[PDB]
Amino acid sequence: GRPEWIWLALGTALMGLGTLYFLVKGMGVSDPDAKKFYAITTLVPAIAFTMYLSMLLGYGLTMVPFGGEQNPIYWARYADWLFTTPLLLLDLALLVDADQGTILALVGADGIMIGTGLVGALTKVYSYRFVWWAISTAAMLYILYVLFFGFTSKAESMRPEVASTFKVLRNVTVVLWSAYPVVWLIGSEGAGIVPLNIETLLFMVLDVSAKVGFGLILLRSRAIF
């Protein structure tokens, strides 16, 4: 009935298989530091899995009146990201052994980003929706600057395999995360230039790469030990 459901179903399966794979790999791991990475990384697709399912079944979908129409908004996305994007940042902060002050600034900045993004996704006045997008984006740029400049300087002083892995995860995070505000701006949450089935596909490729793909690079490395 909804042409995007195939992508919602496919995303649900990949988040599901992702969790299963990490669950397997994580069994037997005794190193306390490594447990921390496996716990975080497995929980991310597990959370994503339940939100993709709530979108597949219609629970995570709501109509917001703006622009004189009734626009569909998959609000479960934001429930997902609210909990998953901090965890993905905590994965990086552990890799470079970041200060608590830095981690707090990141988590808080990430909360603002997803928080204001949700407010924008739900704002009924069209113009204001973009005020919130700008604020959310400004939060995002702060994170990308901490990751790109702050954490890269800290990883340079650590073991080569850590720095090598961080540099890869960093580049993936920068490119992937920077795409989300663009999709929002052209998809249903913004100007509707892109149909919802394509928007759903794009977010699904992004969510998989940033989660499952992110986790495969980190857990395949010897840096977590």
# chains A, B, ... in the order shown; residues from 1 in each chain; ligands from 1
call {"tool": "closest_atom_pairs", "arguments": {"of": "stretch 41-124 of chain A", "to": "stretch 128-144 of chain A", "cutoff": "10 Å", "atoms": "only C-alpha atoms", "output": "tab-separated table"}}
result
residue	atom	partner	partner_atom	distance
A:66	CA	A:129	CA	9.5
A:89	CA	A:143	CA	9.0
A:105	CA	A:143	CA	8.7
A:106	CA	A:143	CA	6.1
A:107	CA	A:143	CA	9.0
A:108	CA	A:139	CA	9.3
A:109	CA	A:139	CA	5.6
A:110	CA	A:139	CA	6.8
A:111	CA	A:139	CA	8.8
A:112	CA	A:139	CA	6.6
A:113	CA	A:136	CA	4.3
A:114	CA	A:136	CA	6.9
A:115	CA	A:136	CA	7.9
A:116	CA	A:136	CA	5.6
A:117	CA	A:136	CA	5.7
A:118	CA	A:132	CA	8.7
A:119	CA	A:132	CA	7.0
A:120	CA	A:129	CA	4.5
A:121	CA	A:129	CA	6.8
A:122	CA	A:129	CA	8.0
A:123	CA	A:129	CA	5.7
A:124	CA	A:129	CA	7.8
call {"tool": "select_by_dssp", "arguments": {"residues": "stretch 4-216 of chain A", "states": "strand (DSSP E)", "output": "list in words"}}
result
residues 61, 62, 63, 64, 65, 66, 69, 70, 71, 72, 73 and 74 of chain A
call {"tool": "closest_residue", "arguments": {"among": "A:65, A:187, A:160, A:150", "to": "residue A:125", "atoms": "only C-alpha atoms"}}
result
A:65
call {"tool": "closest_residue", "arguments": {"among": "A:81, A:36, A:147, A:41", "to": "residue A:103", "atoms": "only C-alpha atoms"}}
result
A:147
call {"tool": "residues_around", "arguments": {"residues": "residue A:170", "least_positions_apart": "5", "cutoff": "9 Å", "atoms": "only C-alpha atoms", "output": "PyMOL selection string"}}
result
chain A and resi 92+144+147-148+151-152+165+175
call {"tool": "write_last_selection", "arguments": {"atoms": "C-alpha atoms", "output": "mmCIF file, in the first residue's frame"}}
result
data_model
loop_
_atom_site.group_PDB
_atom_site.id
_atom_site.type_symbol
_atom_site.label_atom_id
_atom_site.label_comp_id
_atom_site.auth_asym_id
_atom_site.auth_seq_id
_atom_site.Cartn_x
_atom_site.Cartn_y
_atom_site.Cartn_z
ATOM 1 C CA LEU A 92 34.734 6.726 18.693
ATOM 2 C CA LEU A 144 32.039 16.925 13.005
ATOM 3 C CA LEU A 147 35.593 14.377 15.515
ATOM 4 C CA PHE A 148 37.630 15.684 12.609
ATOM 5 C CA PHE A 151 39.766 13.448 17.923
ATOM 6 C CA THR A 152 42.184 13.169 14.991
ATOM 7 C CA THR A 165 40.922 2.547 12.345
ATOM 8 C CA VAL A 175 30.468 11.742 4.756
#
call {"tool": "atom_distance", "arguments": {"atom1": "atom CA of residue A:53", "atom2": "atom CA of residue A:211"}}
result
16.1 Å
call {"tool": "closest_atom_pairs", "arguments": {"of": "stretch 137-200 of chain A", "to": "stretch 4-23 of chain A", "cutoff": "9 Å", "atoms": "only C-alpha atoms", "output": "CSV"}}
result
residue,atom,partner,partner_atom,distance
A:196,CA,A:4,CA,6.6
A:197,CA,A:4,CA,4.1
A:198,CA,A:4,CA,7.6
A:199,CA,A:4,CA,8.6
A:200,CA,A:4,CA,6.2
call {"tool": "residues_around", "arguments": {"residues": "residue A:222", "least_positions_apart": "4", "cutoff": "9 Å", "atoms": "only C-alpha atoms", "output": "MDAnalysis selection string"}}
result
chainID A and resid 161:162 218
call {"tool": "select_by_dssp", "arguments": {"residues": "stretch 13-170 of chain A", "states": "alpha helix (DSSP H)", "output": "PyMOL selection string"}}
result
chain A and resi 13-26+32-56+76-95+100-122+126-145+152-156+160-170
call {"tool": "residues_around", "arguments": {"residues": "residue A:44", "least_positions_apart": "4", "cutoff": "9 Å", "atoms": "only C-alpha atoms", "output": "NGL selection string"}}
result
:A and (15 or 19 or 39-40 or 48-49 or 80 or 83-85 or 87-88 or 211-212 or 215)
call {"tool": "closest_residue", "arguments": {"among": "A:203, A:224, A:91, A:79", "to": "residue A:182", "atoms": "only C-alpha atoms"}}
result
A:203
call {"tool": "atom_distance", "arguments": {"atom1": "atom CA of residue A:201", "atom2": "atom CA of residue A:62"}}
result
18.6 Å
call {"tool": "closest_residue", "arguments": {"among": "A:86, A:126, A:101, A:47", "to": "residue A:68", "atoms": "only C-alpha atoms"}}
result
A:126
call {"tool": "atom_distance", "arguments": {"atom1": "atom CA of residue A:179", "atom2": "atom CA of residue A:46"}}
result
22.7 Å
